[PDB]
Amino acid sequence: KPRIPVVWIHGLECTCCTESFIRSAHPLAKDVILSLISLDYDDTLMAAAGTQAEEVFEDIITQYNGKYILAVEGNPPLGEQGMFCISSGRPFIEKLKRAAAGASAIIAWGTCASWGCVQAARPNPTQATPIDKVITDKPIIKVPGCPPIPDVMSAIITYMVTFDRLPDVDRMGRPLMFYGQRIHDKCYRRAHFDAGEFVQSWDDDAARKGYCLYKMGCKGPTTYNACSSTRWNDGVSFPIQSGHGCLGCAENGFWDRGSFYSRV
C-alpha cells in the first residue's frame, strides 16, 4: 500500500527543524519514515549526492507531479542575484520554484520558512525572504518556532496522513490545533503573575520558588505556541519551566522587538 511522497528542501537555515523532527517521541521518526510517508528527497539524510541526488529530485517531481507534499526548511535570499544560497551551481530560489510548481501543498517548517528568523533580523544582509512572499499560488501551512516542538511536527504529519486533509489554520496560516492560544494563557506560573510575585534578579529567592519571569523579559504574553501545554522533549520541560523567559521565537520579527530582557 503506497505511502504519500514527500520532498524536503533546505534554503538558508541552521538545520534545527530537521533535528527537532528526529527527536519525535510518538510516532518515532523511524516509524514516520518507514511506515507513514515516503521521504523521497532530503539533503541531510539521503544516500545519493551530486548528480545522483539531482536525478532523484528530477525523477520524483516529474513522476509524482501534482501529488507530493513539499516540506521547506530555511528561506531564499534575494541579494547577489540569489547567490548567497547556491544549489547545483544556480540560485536556491530556482529549485524552490521548480519544487513548488509540482506540489499539492507546502509545509513551511520553522520561523525561517514562515517569516525570516535570525538571518532576516536587522540589517538582513542577504535580503532573506519567507516562502509565502515568493510562492503565491499554492497552499502553505506555517509551523513556526525556532525550531517548532518535535511532537507538534509529528502530530501535524499524522493528522494529514490519517485525516487526508490539511489542518485548519488561523489568519496567518498557522494550525489552530497548536497555535490557537498564547503561551501565557496556559502557563503554570500564571498564579504568580496574577499575585505580583516576580523574579527580579537571577537566582534570587523568587527564582528558587518558580515565580513569574515577566520582569526578566518573558514574551509569553504575545506569543502563540504549545510550549506551556504539550511542552518539549517528551514533555520533560519548556523554556519558562527551566527558568528563562520566552524569547517570542514563534512570532514574526521576534529578534527585533527589543532586548530579550526588556519587559513585554
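Residue numbers here begin at 1 and follow the sequence given.
Colleague: So which stretch wins on mean C-alpha B-factor, 142-150 or 80-88?
Modeller: Comparing averages over the C-alpha atoms only gives 80-88.
Colleague: Comparing average C-alpha B factors as deposited, tell me which of 202-210 and 58-66 sits higher.
Modeller: 58-66 has the higher mean C-alpha B-factor.
Colleague: Taking the values straight from the PDB record, which of 177, 105, 155, 118 has the highest C-alpha temperature factor?
Modeller: Among 177, 105, 155, 118, the highest C-alpha B-factor in the entry belongs to 105.
Colleague: Which has the highest CA B-factor per the PDB entry: 196, 239, 220, 27?
Modeller: It is 196.
Colleague: Splitting the chain's C-alpha B-factors into thirds, which one does residue 234 fall into?
Modeller: Residue 234: CA B-factor falls in the lowest third of its chain.
Colleague: Looking at the C-alpha B-factor of residue 167, is it in the lowest, middle or highest third of its chain?
Modeller: For residue 167, the deposited C-alpha B-factor lands in the highest third.
Colleague: Of the three thirds of its chain by CA temperature factor, lowest, middle or highest, which one includes residue 186?
Modeller: Residue 186: CA B-factor falls in the lowest third of its chain.
Colleague: Determine, from the deposited record, the chain-internal third of the Cα B-factor for residue 48: lowest, middle or highest.
Modeller: Its C-alpha B-factor, which the entry lists for residue 48, ranks in the highest third among residues of this chain.
Colleague: Within this chain, which third does the Cα B-factor at residue 112 fall in: lowest, middle or highest?
Modeller: For residue 112, whose C-alpha B-factor we compare with every modelled residue in the chain, the answer is the lowest third.
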